[PDB]
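Enquirer:
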Ligand SMILES: [Y+3]
């Protein structure tokens, strides 16, 4: 019913 | 009971850029990011909404990073500080004045064993609602 998308980067 | 209408079909959490030096020690993490799941048009008679969270979890128990960054996990918590790992559920009361329900959550990236390496961070948590 719902979707939580987590995005990011590690430098 | 009859189901409400899902308003928050998609919810994106952009952690932005995190540096390895701030994710070197075990327990180190990114800042908290607000994420809300909202339901509307709740039928009369339906007063409670239960959300069931599901997602790929690694050996630490937290959500596994599907990205290239190593030694990085994703954590989902409610606004009360309670962790909501895969399989967890949360029940909130419907607001009969507006016929809606809301799930105020928090998301952050963390390194359980420390030593996070350069790379991307990607993860998806699915939510299914039950009503009563
Ligand atoms: Y919050």
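Residue numbers (PDB author numbering), protein chains in the order written: chain B, 2 to 12; chain A, 13 to 144.
Every residue, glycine too, gets a C-beta built ideally from N, C-alpha and C.
Give the residues from the stretch 33 to 45 of chain A that approach chain B closer than 8 Å (Cβ to any Cβ), ordered along the chain.
Expert: 35, 42
Enquirer: For a contact meaning CB atoms closer than 8 Å, what does residue 111/A contact in chain B?
Expert: For the purposes of this step, residue 111/A is identified with residue 99 of the second chain, where counting begins at 1. Going along chain B, no residue has its Cβ under 8 Å from residue 111/A, so there is no contact; the nearest lies around 17 Å.
Enquirer: From residue 8/B to residue 87/A, what does the alpha carbon distance come to, in whole angstroms?
Expert: Translated into positions along the first chain, residue 8/B becomes position 7. Translated into positions along the second chain, residue 87/A becomes position 75. Each residue's Cα considered, the two are about 13 Å apart.
Enquirer: Can you look up residue 42/A in the DSSP assignment and give me helix, strand or coil?
Expert: Here residue 42/A corresponds to residue number 30 of the second chain, with the count starting at 1. Coil at residue 42/A, not helix or strand.
Enquirer: Which two residues bound the contiguous beta strand (DSSP E) that contains residue 15/A?
Expert: One-based indexing of the second chain puts residue 15/A at position 3. First-last for residue 15/A: undefined, no H or E at that position.
Enquirer: Residue 138/A versus chain B: which residues are under 9 Å apart at the beta carbon?
Expert: Taking the first residue of the second chain as 1, we reach residue 138/A at position 126. Under the 9 Å cutoff, chain B gives 2, 3, 4, 5.
Enquirer: Would you say the beta carbon of residue 89/A comes nearer than 7 Å to a heavy atom of ligand 1?
Expert: Sequence index remark: in the second chain, residue 89/A carries index 77 (1-based). Checking every heavy atom of ligand 1 against the Cβ of residue 89/A, none is found closer than 7 Å.
Enquirer: Whose CA, out of 110/A, 90/A, 109/A, 111/A, lies closest to the CA of residue 103/A?
Expert: The residue you call residue 103/A lines up with position 91 of the second chain. Comparing Cα-Cα distances from residue 103/A to each of 110/A, 90/A, 109/A, 111/A, the minimum goes to 90/A.
Enquirer: Do the stretch 130 to 144 of chain A and the stretch 58 to 76 of chain A touch if we need at least three Cβ pairs shorter than 8 Å?
Expert: yes
Enquirer: If you scan the stretch 29 to 105 of chain A from start to end, which runs of the beta strand (DSSP E) of 3 or more residues do you find wholly inside it?
Expert: 45 to 52, 60 to 66, 85 to 90, 101 to 105
Enquirer: Give, in chain order, every residue of the stretch 76 to 103 of chain A whose Cβ lies closer than 7 Å to some Cβ of chain B.
Expert: 81, 84, 86
Enquirer: Would residue 3/B be called buried (16 or more neighbouring beta carbons within 10 Å of its own) or exposed?
Expert: Here the question's residue 3/B lines up with position 2 in the first chain. Flag for residue 3/B reads buried.
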